[PDB]
């Protein structure tokens, strides 16, 4: 089964059929036949490598990636550490996510609603209820920030499910946005093909350093990506919350609201794509 590993030491290839890598480098594992020589790939290059020189990423403590600076982290149980780790993966990636949404508007939406290089409808077709998403997610973010503040600067957070359980219901605008992003994507391509003024303008918009080289056709995919990601993170938090824990019940409720949001979103996408045959 495909998975990632990180190099725990440097390794120079000793034979032509080997994969050389550096400490800290992540390599994609293609197979683990030989329990000593994994087949890996790094940047399109495939080779065998010593399995004892590597560490599965899934075996890495999540608190070490998302909150290594948490206070008293080393005093917590191994299971509460993972719980803090996943809680912070949720909060950190949310900050990351909300800011990217904002970024799209600032450097792509507004600069296009002024470009006059396309109608008022052609802007809705691409960004649809994008602004609406920024609103319900900013609400979530603010709520998480507050809980984070309530808990103490770099202090373990005890509850999170209540906020997610409460916040997920307002995520309904995603069904609409995700359902229409398929055309919005076609639109952007049509224009960047028929309107030379367009291809150039949107090419300039995208070179803003904060885009790190990502075209608007990929930023537009983020709302869907975020919706499918939630369940995954919430389930990991739940799994590290015992049933006698005061947040357990909320987490269970939140996982559920998150899973169906994702279902509703995916149903809408399919529905909308099917109706484009009638």
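In my numbering, the protein residues as written are 2 to 279.
Beta carbons are placed, not taken as given, at the ideal position from N, Cα and C, and that holds for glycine.
Tell me whether residue i is buried or exposed, calling it buried when 16 or more other Cβ atoms sit within 10 Å of its Cβ.
i	result
residue 187	exposed
residue 57	exposed
residue 166	buried
residue 90	buried
residue 14	exposed
residue 180	buried
residue 72	exposed
residue 169	buried
residue 129	buried
residue 175	buried
residue 258	buried
residue 107	exposed
residue 241	buried
residue 276	exposed
residue 182	buried
Taking the alpha helix (DSSP H) that residue i falls in, what are its first and last residues?
i	result
residue 239	223-239
residue 128	121-128
residue 258	249-275
residue 324	Because the chain here runs from 2 to 279, residue 324 falls outside it and cannot be looked at.
residue 99	79-105
residue 153	It is not in any alpha helix (DSSP H) - residue 153 carries neither H nor E in the DSSP assignment.
residue 201	197-206
residue 162	162-168
residue 213	Per DSSP, residue 213 belongs to no alpha helix (DSSP H) and is neither H nor E.
residue 242	Per DSSP, residue 242 belongs to no alpha helix (DSSP H) and is neither H nor E.
Nearest CA to the CA of residue i: which residue from the options?
i	options	result
residue 172	261, 181 and 204	261
residue 161	197, 154 and 141	141
residue 139	103, 130, 163 and 158	103
residue 227	178, 198 and 254	178
residue 231	277, 216 and 255	255
residue 110	80, 150, 185 and 69	185
residue 204	50, 60, 38 and 216	216
residue 252	237, 266 and 265	237
residue 246	5, 116, 80 and 25	80
residue 87	69, 244, 100 and 99	69
residue 192	118, 183 and 235	118
residue 19	26, 42 and 36	42
residue 209	112, 17, 248 and 136	112
residue 235	85, 196 and 152	85
residue 49	55, 38 and 59	38
What is the residue span of the beta strand (DSSP E) that residue i lies within?
i	result
residue 4	4-8
residue 51	46-51
residue 30	27-32
residue 43	38-43
residue 56	55-57
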